[PDB]
Amino acid sequence: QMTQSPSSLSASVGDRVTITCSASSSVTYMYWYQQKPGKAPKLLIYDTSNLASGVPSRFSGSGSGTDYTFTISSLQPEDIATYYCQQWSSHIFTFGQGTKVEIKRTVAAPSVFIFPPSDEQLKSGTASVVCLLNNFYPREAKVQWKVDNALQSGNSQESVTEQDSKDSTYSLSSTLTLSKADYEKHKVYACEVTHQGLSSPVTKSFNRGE
Amino acid sequence: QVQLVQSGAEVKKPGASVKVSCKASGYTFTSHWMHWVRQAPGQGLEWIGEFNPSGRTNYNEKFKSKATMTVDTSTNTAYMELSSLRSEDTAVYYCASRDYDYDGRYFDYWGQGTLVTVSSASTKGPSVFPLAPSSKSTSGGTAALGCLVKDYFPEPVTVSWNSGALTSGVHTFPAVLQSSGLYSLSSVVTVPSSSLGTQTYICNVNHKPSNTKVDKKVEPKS
């Protein structure tokens, strides 16, 4: 049975990243793939230690008996990905469980933006209100929706991007969903953002219909 | 350039069958094996099997009962067919090829993947709404704008800006599953606020399961 370790890791830019796979047998070589989010897996190392064409030099692979090692000698922002080892063994190709590689970087405060629903959506029955948190670190953030100073719950959903391949930041989108009737019933719409990079919670607001 | 182009994402009923296609361009690809790989959402990679055109097939034991691999030599298209589909078959399916060519160069090529979703629920294209730039978008000489992509099924949706000409400052968020059982996502972009009067911004939303493409112009509100 193939064992890839660790499952995830965080390191700084310029750090050495080390990933291991232990194999059932030594008679076939080990391969290493890089998978960025949304993209297909990309071969980086073949035949245990050969660099694939185009792959930068900071990537290397080695093996000794049934123990194999993949190394990024100097972690770069674009290297965030899940890495997999792969070996042919007992008439099949087996992939490792994967190693998610993340970047530790300096604190950065989110840029907050609020978007009222479009007239087109509103008049057709529903109002989606959107709060955008742009390019922040670390990942942890609190978004609170306020309607006429009343705190909302059960009626919002959010999602976060994968870490940015250039600046190692995250971005967050929060949607407040209301009926047309409930939306037109109120004036002030606000999102309150709590994040480590802000010295106090930041509010972004608009008044309906102006 | 060498490319593997796969058939678009599809919803299929439980018990039904689907046939993913993989079209090879830029290389001869007659004397190389074609691999099929699956990746369940948020999971790892599993090898399904391999097919030789020049005409044997090797299967992973787990996928012997569920998969059938074929090829069309005249069109340069490999096919993988999944029978008696259940919820556990919901996954991205990749075609891939790795070998030495005629000139002895080592290659590895992958298709873009095909998300097969297994569900009784029907496909639905998205409704697209603007996320308009305003005074509440100005932060320091730059403004944020976007597109809300609402009420589609199944995954996935891809989004570009100005047909791919606008790439920097773009964030396309992962979809949320709503209480209604329909997906919603946003895509945003930060631009100079001095561009708002003159530059045109259009989001291009693709949803292949419903065969729908939507372009939406995003303007400042009057």
Side-chain angles (χ1 to χ4, degrees), chain A residues 33 35 39-41 86 88 92-95, chain B residues 2 4-22 24 26 32-53 55 58-61 63 66-70 72 74 76-85 88-99 108-124 153-156 158 206-212:
Chain A
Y33 286 93
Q35 190 177 216
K39 300 178 203 290
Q86 186 213 56
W88 192 91
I92 64 152
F93 288 99
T94 305
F95 289 90
Chain B
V2 194
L4 299 166
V5 188
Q6 288 188 244
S7 44
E10 282 172 53
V11 71
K12 286 283 179 170
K13 280 177 154 67
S17 299
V18 69
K19 198 163 193 174
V20 187
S21 71
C22 172
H32 301 118
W33 295 78
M34 189 59 70
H35 304 282
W36 294 91
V37 177
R38 88 160 189 201
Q39 176 159 238
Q43 305 305 104
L45 301 159
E46 307 173 79
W47 187 79
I48 291 157
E50 56 181 354
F51 193 86
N52 181 42
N58 290 117
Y59 287 81
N60 186 331
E61 277 289 318
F63 296 93
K66 202 131 270 195
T68 303
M69 301 174 280
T70 53
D72 185 17
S74 61
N76 312 118
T77 318
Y79 292 86
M80 203 269 303
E81 200 194 69
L82 303 147
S83 54
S84 295
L85 294 153
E88 55 266 8
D89 292 313
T90 306
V92 175
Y93 295 82
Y94 289 105
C95 68
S97 187
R98 186 177 76 204
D99 212 333
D108 187 272
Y109 298 117
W110 293 69
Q112 78 273 22
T114 303
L115 179 61
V116 187
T117 305
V118 179
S119 182
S120 62
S122 301
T123 195
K124 190 189 170 201
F153 189 85
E155 287 270 60
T158 62
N206 216 123
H207 183 247
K208 297 181 197 301
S210 72
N211 287 156
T212 313

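Letters A, B, ... are given to chains in the order of the sequence lines, protein chains preceding strands, and every chain is numbered from 1. Heavy atoms only: backbone and side chains are in, while hydrogens, waters and symmetry mates are out.
Ring orientation note: the planes of B:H35 and B:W47 are tilted relative to one another, at an angle of 30° to 60°.
You'll find the side chain of B:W36 stays beyond 4.5 Å of the side chain of B:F63, heavy atoms only. Looking only at side-chain heavy atoms (C-beta outward), B:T117 and B:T90 come within less than 4.5 Å of each other. Under the 4.5 Å side-chain criterion, counting only non-hydrogen atoms from C-beta, B:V5 is not in contact with B:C22. Between B:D89 and B:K12 there is no side-chain heavy-atom pair separated by less than 4.5 Å.
Atom CG of residue B:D99 and atom CE of residue B:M34 lie 11.0 Å apart, to the nearest 0.5 angstrom. Here the CG atom belonging to B:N60 is positioned 14.0 Å from the NZ atom belonging to B:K66, to the nearest 0.5 angstrom. Within the model, atoms NZ of B:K124 and CZ of B:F153 stand 12.0 Å from one another, a figure rounded to the nearest 0.5 Å.
When all heavy atoms of B:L4 and B:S97 are compared, the closest pair comes out as CD1-N, 4.4 Å. The two atoms that bring B:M69 and B:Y59 nearest to each other are N-OH, 3.1 Å, heavy atoms only. The two residues B:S21 and B:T77 come nearest to each other via the heavy atoms CB-CG2, 3.8 Å. In this structure, B:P14 and B:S120 approach most closely via the heavy-atom pair CD-N, 3.7 Å. Closest approach of A:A40 to B:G111, counting heavy atoms only: CB-O, 3.5 Å. Of all non-hydrogen atoms in B:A9 and B:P156, the two that sit nearest each other are CB-CD, 3.4 Å.
Every side-chain hydrogen bond (donor to acceptor under 3.5 Å, both in side chains) that B:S210 has, sequence neighbours left out, goes to B:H207, B:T212. Shown here are the side-chain contact (heavy atoms from CB on, under 4.5 Å) partners of B:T158, two or more places apart in sequence or in another chain: B:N206. Not counting sequence neighbours, the partners of B:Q39 by the side-chain contact (heavy atoms from CB on, under 4.5 Å) test are A:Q35, A:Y84, B:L45, B:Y94.
Checked by atom type and distance alone, the side chain of B:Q6 pairs as donor or acceptor with a backbone atom of B:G113 at under 3.5 Å. Judged by distance alone, with hydrogens and angles left aside, the side-chain atoms of B:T114 form no donor-acceptor pair with the main-chain N or O of B:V92 at under 3.5 Å.
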Are B:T70 and B:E81 close enough, and set up right, to give a side chain to side chain contact (heavy atoms under 4.5 Å, CB included), and what steps lead you there? CA-CA 8 Å; B:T70 53; B:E81 200 194 69; over 6 Å; no

Please report the C-alpha distance between B:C95 and B:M80 in whole Å, then the side-chain angles of each, then the deciding distance to 0.1 Å, and finally whether the side chain to side chain contact (heavy atoms under 4.5 Å, CB included) criterion is met. CA-CA 9 Å; B:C95 68; B:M80 203 269 303; over 6 Å; no

Worksheet item: Taking it one step at a time, do B:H32 and B:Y109 satisfy side chain to side chain contact (heavy atoms under 4.5 Å, CB included)?
Response: CA-CA 11 Å; B:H32 301 118; B:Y109 298 117; over 6 Å; no

